[PDB]
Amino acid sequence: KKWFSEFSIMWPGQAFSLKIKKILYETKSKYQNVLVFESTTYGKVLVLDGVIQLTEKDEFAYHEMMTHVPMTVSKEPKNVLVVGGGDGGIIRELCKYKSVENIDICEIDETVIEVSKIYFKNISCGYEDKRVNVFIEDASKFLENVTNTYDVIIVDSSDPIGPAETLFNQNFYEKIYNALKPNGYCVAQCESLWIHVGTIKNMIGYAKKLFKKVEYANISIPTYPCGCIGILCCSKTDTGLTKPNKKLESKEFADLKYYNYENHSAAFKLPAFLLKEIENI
């Protein structure tokens, strides 16, 4: 049996590998290389341009946190945008909120969505929900053209090497700002504090031009590089995203496996060296 190994110039000198039980699908889409495999111990795995995007065993950590942080703080969110996220995980977590009326997703590569619907049915199950609308389209263009404004935007982007390159700059954060309601919130994937501190500092600077509160949270997830990944958290209000305004107590949330009320706030208590790096931004 072979192993899959994840190498990258974004994490030089380190690699993470999973043993392959069997290869399920590979293709070269118009935008990237797509690989899907059953691992021996982490279930099925999705790989894009040789970087792991999710595994069945741990995906709930990243999807629950990315979704329920902003959604428990937004009072009455009605319209939510997901940028990237073709796998559907964020959407699955959003659909649990009865109050949400519309969910839009903007994903440039429809092959990601289709592969997720076929091979990852417990992740892509939200696509059946009537409130969900799909747009196959560059996120920049989508944000420039959309007429609606949103209560929450969740940027579930890949890394800056690839089609997600455009989602890590100042202009983008402007468009997000203009696309949010006046009390609206954006959370975005924002890399590992163990290795990408330069990026984290840049993203925070970009966000601080526009938003009045920019905060950063960390998630433990073994199949992203260095075992964690953070959330850049942007608020148009004094008060920010560190404290939930509700508890997820109805039956649709009984199955949550990571998120809870306490660990929402705990995710924002960061290692001392990171506080120091981002103190005078």
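Note that residue numbering follows the sequence shown and begins at 1.
Asks: Between 60-68 and 208-216, which has the larger average Cα B-factor in the PDB entry?
Replies: Mean C-alpha B-factor is greater for 208-216.
Asks: Averaging the C-alpha B factors as listed in the entry, name the stretch that ends up higher: 166-174 or 139-147.
Replies: It is 166-174 that shows the higher mean C-alpha B-factor.
Asks: Among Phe253, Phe37, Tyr224, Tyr42, single out the one with the highest C-alpha B factor in the record, please.
Replies: That would be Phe253, according to the entry.
Asks: According to the Cα B-factor stored in this entry, which of the following is highest: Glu93, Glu114, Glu76, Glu107?
Replies: The listed residue with the largest C-alpha B-factor is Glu76.
Asks: Using the B-factor values recorded in the entry, state whether the Cα atom of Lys269 falls in the lowest, middle or highest third among the modelled residues of its chain.
Replies: CA B-factor rank for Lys269: lowest third.
Asks: Place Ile161 in the lowest, middle or highest third of its chain's C-alpha B-factors, as listed in the PDB entry.
Replies: Highest third of the chain for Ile161's C-alpha B-factor.
Asks: For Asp87, does the deposited CA B-factor place it in the lowest, middle or highest third of the chain?
Replies: Answer is lowest: the recorded C-alpha B-factor places it there.
Asks: Within this chain's modelled residues, let me know which third the CA B factor of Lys181 belongs to: lowest, middle or highest.
Replies: For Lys181, the deposited C-alpha B-factor lands in the middle third.
Asks: Should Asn245 be placed in the lowest, middle or highest third of its chain by the C-alpha B factor in the entry?
Replies: Highest third, going by the recorded CA B-factors of the chain.
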